[PDB]
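In: need a 3D model of the following:
(chains A, B and C, ligands or ions: 6)
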Amino acid sequence: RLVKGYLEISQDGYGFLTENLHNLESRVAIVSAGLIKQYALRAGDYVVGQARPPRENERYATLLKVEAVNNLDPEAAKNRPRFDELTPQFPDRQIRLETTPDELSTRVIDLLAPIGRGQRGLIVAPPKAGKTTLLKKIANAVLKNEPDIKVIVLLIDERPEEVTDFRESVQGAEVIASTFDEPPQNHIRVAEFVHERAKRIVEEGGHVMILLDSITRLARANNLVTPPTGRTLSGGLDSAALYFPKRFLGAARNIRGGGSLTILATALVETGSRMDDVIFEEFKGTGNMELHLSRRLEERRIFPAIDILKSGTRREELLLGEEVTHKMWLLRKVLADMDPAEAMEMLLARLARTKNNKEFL
Amino acid sequence: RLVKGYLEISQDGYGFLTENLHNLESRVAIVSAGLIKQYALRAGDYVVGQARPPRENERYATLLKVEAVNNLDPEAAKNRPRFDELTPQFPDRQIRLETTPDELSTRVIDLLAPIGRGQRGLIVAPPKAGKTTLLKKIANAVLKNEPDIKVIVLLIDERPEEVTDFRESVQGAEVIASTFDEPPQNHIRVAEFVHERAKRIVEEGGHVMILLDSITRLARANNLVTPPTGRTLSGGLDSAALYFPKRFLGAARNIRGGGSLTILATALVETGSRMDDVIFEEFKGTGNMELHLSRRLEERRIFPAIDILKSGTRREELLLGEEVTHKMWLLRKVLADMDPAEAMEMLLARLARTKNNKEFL
Amino acid sequence: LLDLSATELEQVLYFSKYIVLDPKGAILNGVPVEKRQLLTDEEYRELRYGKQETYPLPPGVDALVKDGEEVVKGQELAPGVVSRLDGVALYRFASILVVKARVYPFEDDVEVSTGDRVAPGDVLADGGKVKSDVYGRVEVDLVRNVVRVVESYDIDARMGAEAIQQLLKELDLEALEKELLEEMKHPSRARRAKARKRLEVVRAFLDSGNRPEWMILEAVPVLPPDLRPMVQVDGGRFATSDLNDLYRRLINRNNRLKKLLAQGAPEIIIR
Ligand SMILES: Nc1ncnc2c1ncn2[C@@H]1O[C@H](COP(=O)(O)OP(=O)(O)O)[C@@H](O)[C@H]1O
Ligand SMILES: Nc1ncnc2c1ncn2[C@@H]1O[C@H](COP(=O)(O)OP(=O)(O)O)[C@@H](O)[C@H]1O
Ligand code: BEF
Ligand code: BEF
Ligand SMILES: [Mg+2]
Ligand SMILES: [Mg+2]
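Out: Numbering: from 1, shown residues only, chains lettered A, B, ... in the order given. Ligands and ions are numbered 1, 2, ... in the order given. Sure, structure below:
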C-alpha cells in the first residue's frame, strides 16, 4: 500500500503526511521522528512511500518505508544545501508573458514590469480593479510560457466562486485556497504549509511560482493571531504581526545554485483603512516589483486598468536587454507626462494593433 | 596557535573573541577576567594573541597570551584617555569626494554637503531615491580619497543583494551586514558590537567612518526591543528606544586628541508613516549633515536626485575656505529660486562640463 | 550502602567540589594510585602535570638556572628565588618554572606531544632514540628541543551528583552481599556489625527488586494545581500554598543553569 503527502513535523519530533487541503486529515500518514532523522526531512517536504494499515489501537496509517522525497531519492536529502543557506540574489532569468484570451495585459506588464525567476513582486489595486483578473491572466500566461516552473495558486480569505473559477482555469496547477469563511487560523496554517512545501522544492534547485491573492488579508490574519506584542502600530496594526508576512515575502529570492522562488501577490489600497496602507508601504520596501492599477480606469471600464507611472520593477537591466531597456525608457518618457486613464488608452490603442516586439518597430 | 577577534565582555567578567559575523561563534576564544584587568581591555577592542586548543571539558579555546590589542602592544591600553572622556568638537578637516564612475554625485555632495572627519551625518530620501546607491558612491569615493581611514560599512535590516554587491564593490573593507530576514535582536546586537569596536579604534586616535544603511530600520529594531517604557511616542515610536540610536549617532564626533568617528547613515522619509518622520526630525537635531533626495527627481530618472535647497551642513566655514564658501553661497543664492528637478538638471548640465574648480573658473 | 562517610563526605562532595574516579589514578601522590577515594582538585592538578613550581625573576636579574636545566627541589632558580620541588626549570621570557619531570633532549622529530602522558620506554622524540622512561604527561619544548615527561600520568576527574548516580549504577549488589557475608561471619563484631548493618539494606534492595539507580532525583513531578490552592482573599491579594513559592524558585534555579550551560562554563560559578 502506497501513500503520499507533504511532511508536517509536529513539536514531538514525529510528523504527518498531509493532503491538498493543507490541514490535519484522518488519512494522514504517521512519520516517526526516526525516519526524519535518518533522511534529514524538513517541513513541507513532499514524501511518497509504501504504508501499512494502522495496527490495533492506532488511528492513522504508518509509513512502512520511504521511497522518494520531493519526487527524488531520499539520499540527496541527507546532503543538500539548506534553503536558508542558499545565496539570495536578483532574478537573472526574465519570464516573457503571453496569454491568448487577453495578451494586452501580458504585453502591458512586460512593458511596465518584467518578471524573473526568484521574483519578489506585488500588484497594488483598490477593490474591483482587475487585480484578481490580472492574477488569472498571469497564471494562464505562466502556464503557457513556463510550464517547467511549479505553479502554485494560493487564495486566502477571498471569494469562493473565484476559487472555483481559478481551480477550473488553472489547468491543473496546484490551487490552494482558504476562503473568508475560514477563520484567520486556517488561512495562516495553510500559509506555512504551502510556503514550506515551496521552500523545500526550491531547496532541490527547483523554480517555484506562487500567485497569492490577498496578501493583505494574510497580514490581517497574522495580526488577529499575534497574541499581544503589547502596543499597536499606527492604524491599528500590531508591531510584531508583520514580521511573519515579511519573512514569507522575503523568502522569495533568486538562487545562484539553481532554482528560484518567485512570489507575486495582490495588494489592496485606497480602502479608507489605515491597516491596508501601512501593510502596503511595509511590503513595498521588501518587494522588487510594484504594479499599480487605478480605480478610475476601472470605472471607465478600461482594461488592463494599470497605473503605468507608479508601476515598475527594480534592476530591469537584469531582465531586459539594452534595446528593450532603452525602448521601455523611451515609452515611459513619452507616457510619463500623460494622464492615467488617457495614457492607458493610448497604450492600449498602440498595443491593440500588433504585438509588442513589432510594436517597437 | 594564534587567534584573533573583537572582544565581547560577558556579564560575568570574562569575554569572547568574535568573528566578522559579529555573533557567538563556535570558534570564539575565551578570555579570563584576569587578563581583561591587566590590559584594562574593553568590549569591541580587537585582540590578537596566541591560544591553545581547549582542554578536556572546555568548549572554547583559551587565549594563553595576549599579543596585540587593536593592532598595537597592550601597554598603551593601560594608559590612554577614555573615549567617553574625549572632547567632542566640530569636524575641522575636510574630506574631498571623488569617484570615477560617478563624479557628479560626489560632486554635488561636495558642492552641497561637504564631509569632514568626525562627521555626524544623514542622507534623507524616500524609498527608491538613489539613497543606497549614493551610499555606495560615498563608500567608493572614501576608498579612493581616504584609504588610510578605517572604512566600516554597516547594513541593517536591508536587502541581501545590496549586501553582496557591497561585498564585491567595497573591495575588502570591513562591512558588517544584517538583512531584513534577521530579527531585530540580531540587528541591535551587531550594531552595538560594531559601535563599540569603532569607539575602541577611535580611542587610539584612529579615524573611522560608519556607513550605516537604514538607521531608521535600526531605530525600528530599538523600538521593537525596548521592553515597555510605558507611554508611546506619536507615530508608534517608543520614547526610550530612541535614546539608544540617539547615543549611537551622537557617538560620531571630532576629537582634539586625535582620531574621530564619522557616521553617515541613510534615512527614510515620505513613507506614509509618522514613525519615519518623527525619527527623521529627532535625528536632525543631533546630526550636522542633512542631504535631501527628492522622489520626483528619481521619477524623472535625474541623478543624483538631490534636493539642493534642503541640503547643507553646519559650520561650513570650518570645512571650506573663504573662496569655496563664497562660491557655494553664490551658488545657493542662484539656486534657492529654482525648482528641485529643474535645478538638478541644470546643475548636472553645468557640472558635466568640467572639474568643479574649473566650473568655478 | 555506598561505603561512605554517610554524614560528612556525602554532602562534602554533593555541595563542595571533589574529583573522584575509580579506574586509575595510577600515578603516585605520596600514596600509590587511589581507587575510589575523593580528592581536592588542587593536588589532582599539581599531579596533573608533574610538578610545575614557577617563581618570578626580579627584573634585570638573570636567573641562575638554564631554560632546559634540571633544577632540584630547593635550588635557587635565581639569586633570590629558591625552588621547592625537583624537575626541569624552564625560563619565562622573566621567571623560572621547575616542572617535576624527566628530560629527554631531541635533535630529531619529536615523538610525544606536549600533553600526552607517556610510560617508561615510550618514544618521546627522534624515534626510538628519544624515548620516555617515565610515566606522565609530556611537554615537547622546542625552546631547547627537548621532550620532558612529567610524572603526571593519565588521571582524570569527576564530581557531584552525576558521579554519585554513576557509582550508584556502577555497583552490583550481590558482590557486596557476598563480601559482607564474609565480613560478618569471619570477622569480629567491631566491623562485622556494621557490615551486616549495610547488608540489611542490601538485602532490602536485592529481594525488593527495584534498582536504586533512581535512588536520587532527576524528574520531580509537579503537584496537581488545586492541591496547593491559590485562593483569592479579597481586593486582589492571593493566598498560595507555599509549595508554589518553592516551585517558582526551583524553576528559576534550573532555568539559569540551562542558560549558563548554554552560555559559558565558569566552573566555580557552575558549581
Ligand atoms: N481585464 C478585465 N476585463 C473585464 N473585466 C474586468 C477586467 N478587470 C477587472 N474586471 C472587472 O472587475 C471586477 C473585479 O475585478 P477583479 O480583479 O476580478 O477582482 P477585484 O475586485 O479583486 O479587483 C470583475 O467583476 C470584472 O468584471
Ligand atoms: N544615480 C543613479 N543612477 C542610476 N540609477 C539610480 C541612481 N539612483 C537611484 N537609481 C535607481 O533607484 C533604484 C533604487 O534606489 P535606492 O537608492 O536603492 O533606493 P533608496 O534611495 O530609497 O535607498 C535602483 O534600481 C536604481 O536603478
Ligand atoms: F474588489 Be476586490 F476583490 F478587492
Ligand atoms: F531603496 Be529604497 F529605500 F526602496
Ligand atoms: Mg477580487
Ligand atoms: Mg533604500
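In: report how many residues lie close to residue A:194.
Out: Residue A:194: 23 surrounding residues under other C-beta atoms under 10 Å in any protein chain shown. In short, each C-beta sits where N, CA and C put it, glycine included.
In: hmm, residue A:21 and it touching each other?
Out: No. Contact criterion C-beta atoms under 8 Å: residue A:194 and residue A:21 do not qualify, at 11.2 Å.
In: what is in contact with those two at once?
Out: The contact sets of residue A:194 and residue A:21 do not overlap (C-beta atoms under 8 Å, 6 or more residues apart in numbering or on different chains).
In: and the most far-flung residue of chain A relative to its centre, helix, strand or coil?
Out: Distance from the C-alpha centroid of chain A, by C-alpha atoms, centre = their mean, peaks at residue A:56 (42.3 Å). Under DSSP: H, G, I helix; E, B strand; the rest coil, residue A:56 falls in the coil class.
In: how about the contacts made by it?
Out: Contacts for residue A:56 (C-beta under 8 Å, 6+ apart) come out as none.
In: give the buried residues for stretch A:270-287.
Out: A:275-280, A:282-287 (16 or more other C-beta atoms under 10 Å in any protein chain shown).
In: what distance do you get for residue A:226 to residue A:191?
Out: Distance of residue A:226 to residue A:191, computed by C-beta to C-beta, to the nearest Å: 14 Å.
In: of the two, which one has the most company?
Out: For residue A:226 versus residue A:191, neighbours defined as other C-beta under 10 Å are more numerous around residue A:191 (23 against 16).
In: so how far is residue A:62 from the nearest residue to residue A:13 once chain neighbours are set aside?
Out: Ranked by C-beta to C-beta, 6 or more residues apart in numbering or on different chains and with sequence neighbours excluded, the top spatial neighbour of residue A:13 is residue A:33, at 3.5 Å. Distance of residue A:33 to residue A:62, given as C-beta to C-beta: 13 Å.
In: which neighbours do these two share?
Out: By C-beta under 8 Å, 6+ apart, residue A:33 and residue A:62 have no common neighbours.
In: so residue A:267 is in contact with residue A:279, correct?
Out: Yes. Counting by C-beta under 8 Å, residue A:267 touches residue A:279, with 7.5 Å between them.
In: could you tell me which residues touch both of those two?
Out: With C-beta under 8 Å, 6+ apart, residue A:267 and residue A:279 have common neighbours A:215-216.
In: can you name the element that comes right after the longest helix out of those in chain A?
Out: Ranked by residue count under DSSP state H, the longest helix found in chain A is helix A:184-203. Counting by DSSP states H and E, the next helix or strand C-terminal to helix A:184-203 is strand A:207-213.
In: angle of that next one against helix A:184-203?
Out: For strand A:207-213 against helix A:184-203, the angle by axes from the mean of the first three to the mean of the last three C-alpha atoms, to 10 degrees is 160 degrees.
In: partner strands of strand A:207-213, parallel or antiparallel?
Out: strand A:150-156 (parallel), strand A:260-268 (parallel) (DSSP bridges).
In: now for those, which one comes closest to ligand 1?
Out: strand A:260-268 (6.8 Å; C-beta to the nearest ligand atom).
In: just how off-centre is the closest one within its chain?
Out: On the basis of C-alpha atoms, centre = their mean, to the nearest Å, strand A:260-268 is displaced by 4 Å from the centre of the chain it belongs to.
In: same check, this time on stretch C:116-136
Out: Centroid displacement of stretch C:116-136 relative to its chain, using C-alpha atoms, centre = their mean, is 26 Å.
In: pull the residues that contact that stretch.
Out: Here stretch C:116-136 makes contact (C-beta under 8 Å, 6+ apart) with C:26-27, C:50, C:101-102, C:104-112, C:137-138, C:140, C:147, C:149-154.
In: now stretch A:292-309
Out: Here stretch A:292-309 makes contact (C-beta under 8 Å, 6+ apart) with A:102, A:104-105, A:108-109, A:112, A:123-126, A:128-131, A:133-134, A:137, A:270, A:291, A:310-311, A:332, A:335-336, A:340-341, A:343-345, A:347-348, B:299.
In: looking at those, which are in strands?
Out: Judged by DSSP state E, strands contain the following of the contacts of stretch A:292-309: A:123-125, A:291, A:310-311.
In: from the residues you listed, which is closest to residue C:230?
Out: Closest to residue C:230 out of those is residue A:124 (52.6 Å), distances taken as C-beta to C-beta.
In: and the gap between the closest one and residue B:57?
Out: The gap separating residue A:124 from residue B:57 is 59 Å, by C-beta to C-beta.
In: repeat that for residue A:46.
Out: Applying C-beta to C-beta, the value for residue A:46 to residue B:57 is 44 Å.
In: the two: which has the busier surroundings?
Out: Taking neighbours as other C-beta under 10 Å, residue A:46 and residue B:57 compare with residue A:46 leading, 19 against 9.
In: so who does that one touch?
Out: Contacts of residue A:46 (C-beta under 8 Å, 6+ apart): A:4-7, A:69-71, A:197, A:200-201.
In: among those residues, which lie within helices?
Out: When DSSP H is applied, the contacts of residue A:46 are split such that A:197, A:200-201 fall in helices.
In: tabulate those (JSON lines), appending distance to residue C:43 and neighbour count.
Out: Formatted as JSON lines, these follow (distance: C-beta to C-beta, whole Å; neighbours: other C-beta atoms under 10 Å in any protein chain shown):
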{"residue": "A:197", "distance to residue C:43": "62", "neighbour count": "25"}
{"residue": "A:200", "distance to residue C:43": "57", "neighbour count": "23"}
{"residue": "A:201", "distance to residue C:43": "62", "neighbour count": "22"}
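In: what's the closest of those residues to residue A:154?
Out: When the ones in helices among the contacts of residue A:46 are compared for distance to residue A:154 (C-beta to C-beta), residue A:197 comes out closest, at 10.6 Å.
In: from what I see, the closest one and residue A:5 are in contact.
Out: No. Taking C-beta under 8 Å as the definition, residue A:197 is not a contact partner of residue A:5, at 10.4 Å.
In: next, the distance between the ends of stretch C:126-142.
Out: 13 Å (C-alpha to C-alpha, to the nearest Å).
In: also stretch A:79-88?
Out: End-to-end distance for stretch A:79-88, by C-alpha to C-alpha: 20 Å.
In: show me which residues of that stretch are buried.
Out: So for stretch A:79-88, counting by 16+ other C-beta under 10 Å, buried means A:80, A:83, A:86, A:88.
In: those in strands, which ones?
Out: residue A:88.
In: ok, residue 196 - how many residues close by?
Out: With no chain named, the answer covers chain A. Residue A:196: 20 surrounding residues under other C-beta under 10 Å.
In: please go with chain C instead
Out: Neighbours of residue C:196 under the rule other C-beta under 10 Å: 17.
In: can you tell me the closest non-neighbouring residue to residue A:120?
Out: residue A:252 (4.1 Å).
In: any idea which of the ones in helices among the contacts of residue A:46 is closest to residue B:358?
Out: Nearest to residue B:358 among those, with distances taken as C-beta to C-beta, is residue A:201, at 58.9 Å.
In: quick check: residue A:177 vs residue A:152, distance?
Out: Counting by C-beta to C-beta, the gap from residue A:177 to residue A:152 is 11 Å.
In: show me what contacts residue 151?
Out: No chain was given, so I picked chain A. A:139, A:142-143, A:170, A:173-174, A:209, A:211.
In: could you do chain C instead?
Out: Counted by C-beta under 8 Å, 6+ apart, residue C:151 has contacts C:27-28, C:50-51, C:100-102, C:134-136.
In: need the ones in helices among the contacts of residue A:46 in CSV with distance to ligand 6, can you?
Out: Listed next are those as CSV, based on distance: C-beta to the ion, whole Å:
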residue, distance to ligand 6
A:197, 32
A:200, 31
A:201, 31
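In: let's have those residues in CSV, adding distance to chain C.
Out: Shown next, in CSV, are these (distance: C-beta to the nearest C-beta, whole Å):
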residue, distance to chain C
A:197, 33
A:200, 29
A:201, 34
